[PDB]
Amino acid sequence: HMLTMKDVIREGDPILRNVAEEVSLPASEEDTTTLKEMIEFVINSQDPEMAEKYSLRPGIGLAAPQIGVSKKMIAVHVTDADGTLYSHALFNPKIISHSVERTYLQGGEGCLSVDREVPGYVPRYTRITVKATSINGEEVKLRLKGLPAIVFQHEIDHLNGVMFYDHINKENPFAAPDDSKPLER
Ligand SMILES: CCCCC[C@H](CC(=O)NO)C(=O)N[C@H](C(=O)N1CCC[C@H]1CO)C(C)C
Ligand SMILES: CCCCC[C@H](CC(=O)NO)C(=O)N[C@H](C(=O)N1CCC[C@H]1CO)C(C)C
Ligand SMILES: [Zn+2]
C-alpha cells in the first residue's frame, strides 16, 4: 500500500487544527509503516515517472495529520542550492531552539492541504535545532538553516495545528519582517 493525493486531506478537516499525539517509542509496526509510506510519497512526488503514475503533486515534505493520522510524524526530502540533500523520516520532531533572526521565501509558501494560493511572506526562523527519532529508531539532533529549516518549520507547524498562512502579515503580506532577510543562497 502506498499514498496518493486521494489520501491527502484539505483544509477544513478538523484534524489539521488539532495537536498531533506523541508517538510511542520504540515505534510500532503500524507507525513505522505510516512513516515509511510518508517519505516514499515525498520522494516519489519528485520523480516525474512516479508522480504521473500516481498523479502526485510534487512536494518537499509531509506531516502525518495531512494524511489523516494525528500523530507526531514528518517526512522531509529537500535539496538546497548547493545540491545538499536533507532526507528525513521522523517521529516526534521538535524544535528545541531557533534563531531570533528570521527569513522567508520571497515567492511565499504552498501546501498540499491547501487547494489555493495565499500570497505573502511566511516568516521563518533562519536557523533551528531539531531533535527527533529517525524511522531507523535512532534519536537525531539536526541543525538546519535556509530552505531545509523552512520546510521543517512548515511540517512541524502541521503537528501543532498551525497552517502556513497563519504567519502571513495582517493586511500587508509583503511587509519586511522585523530582523530578517529574504532567503539567501
Ligand atoms: C517551503 C515550505 C515547505 C513546503 C512543504 C509543501 C508540502 C506540504 O504541504 N507539507 O506540509 C510543499 O512542497 N510546497 C511547495 C512549495 O510551497 N514550495 C516548493 C518550493 C518552495 C515553495 C514555493 O515557494 C508547493 C510547490 C507544493
Ligand atoms: C518571487 C521570487 C523572487 C526571489 C528572487 C531572489 C533573487 C535574489 O536576490 N537572489 O539572491 C531569488 O532568486 N531567490 C531564491 C528563490 O526564491 N528561488 C530560486 C528558484 C526559484 C525560487 C524558489 O521558489 C532563493 C531564495 C531560493
Ligand atoms: Zn503543508
Side-chain angles (χ1 to χ4, degrees), residues 1-95 105 109-115 124 128 130-164:
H1 169 288
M2 63 166 71
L3 298 170
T4 71
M5 292 308 292
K6 297 182 178 179
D7 299 296
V8 177
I9 57 182
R10 306 308 183 306
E11 67 188 326
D13 192 314
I15 183 177
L16 295 181
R17 285 298 182 176
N18 289 305
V19 179
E21 181 179 59
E22 191 185 318
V23 178
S24 290
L25 306 177
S28 62
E29 295 187 303
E30 182 181 303
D31 292 345
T32 300
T33 295
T34 299
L35 186 50
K36 177 175 181 174
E37 280 162 25
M38 286 173 61
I39 187 69
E40 166 182 57
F41 175 89
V42 176
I43 299 176
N44 284 338
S45 77
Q46 291 172 33
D47 177 303
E49 175 180 63
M50 295 299 285
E52 176 185 353
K53 204 168 193 303
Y54 309 89
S55 300
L56 301 176
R57 178 178 165 188
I60 53 182
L62 186 68
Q66 288 183 287
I67 57 168
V69 180
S70 188
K71 298 184 179 176
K72 299 190 191 301
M73 293 183 249
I74 67 169
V76 175
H77 196 76
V78 58
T79 311
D80 71 14
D82 301 328
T84 301
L85 175 61
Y86 300 80
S87 185
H88 301 284
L90 314 168
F91 296 112
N92 305 324
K94 178 181 180 180
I95 295 173
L105 280 156
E109 285 181 31
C111 183
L112 261 55
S113 296
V114 185
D115 295 305
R124 299 294 189 183
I128 61 173
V130 172
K131 194 157 60 184
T133 301
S134 182
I135 185 170
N136 298 156
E138 54 176 54
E139 295 195 6
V140 299
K141 182 161 65 181
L142 306 171
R143 288 187 166 72
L144 309 148
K145 79 169 187 185
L147 187 55
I150 289 177
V151 178
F152 268 76
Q153 293 173 69
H154 179 110
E155 300 317 336
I156 290 172
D157 270 349
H158 273 305
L159 302 190
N160 296 315
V162 176
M163 299 298 278
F164 83 87

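Numbering of residues begins at 1 and proceeds along the displayed sequence. We use all heavy atoms of the structure for the numbers below, so side chains are in, but hydrogens, waters and symmetry mates are not.
Listed by first and then second residue, the side-chain hydrogen bond (donor to acceptor under 3.5 Å, both in side chains) pairs that reach into residues 133-142 come to none, sequence neighbours excluded. The list of side-chain hydrogen bond (donor to acceptor under 3.5 Å, both in side chains) pairs with a residue in residues 39-66, not counting sequence neighbours, reads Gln66-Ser113, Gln66-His158.
When the salt bridge (charged side-chain N to carboxylate O under 4.0 Å, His left out) test is applied to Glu30, the partners found at least two apart in sequence or on another chain are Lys71. Qualifying salt bridge (charged side-chain N to carboxylate O under 4.0 Å, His left out) partners for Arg143, counting only residues two or more places apart in sequence or in other chains: none. Partners of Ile9 according to the side chain to side chain contact (heavy atoms under 4.5 Å, CB included) rule, which considers only residues two or more places apart in sequence or in another chain, are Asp13, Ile15, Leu16.
The two residues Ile95 and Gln153 have their closest heavy-atom pair at CD1-CG, 3.8 Å.
For the pair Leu159 and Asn92, the minimum side-chain heavy-atom distance is 4.5 Å or more. Using a 4.5 Å heavy-atom cutoff, the side chains of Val69 and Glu21 are not in contact. Looking only at side-chain heavy atoms (C-beta outward), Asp7 and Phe41 stay at 4.5 Å or farther from each other. With contacts defined as side-chain heavy-atom distances shorter than 4.5 Å, the pair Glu37/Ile39 does not qualify.
Interatomic distance, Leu147 CG to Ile60 CD1, rounded to the nearest 0.5 Å: 4.5 Å.
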Got a list of side-chain donor-acceptor pairs under 3.5 Å for residues 80-91, not counting sequence neighbours?
residue, atom, partner, partner atom, Å
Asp80, OD1, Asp82, N, 2.9
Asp80, OD1, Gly83, N, 3.2
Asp80, OD1, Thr84, N, 3.0
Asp80, OD2, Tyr86, OH, 3.1
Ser87, OG, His77, ND1, 2.8

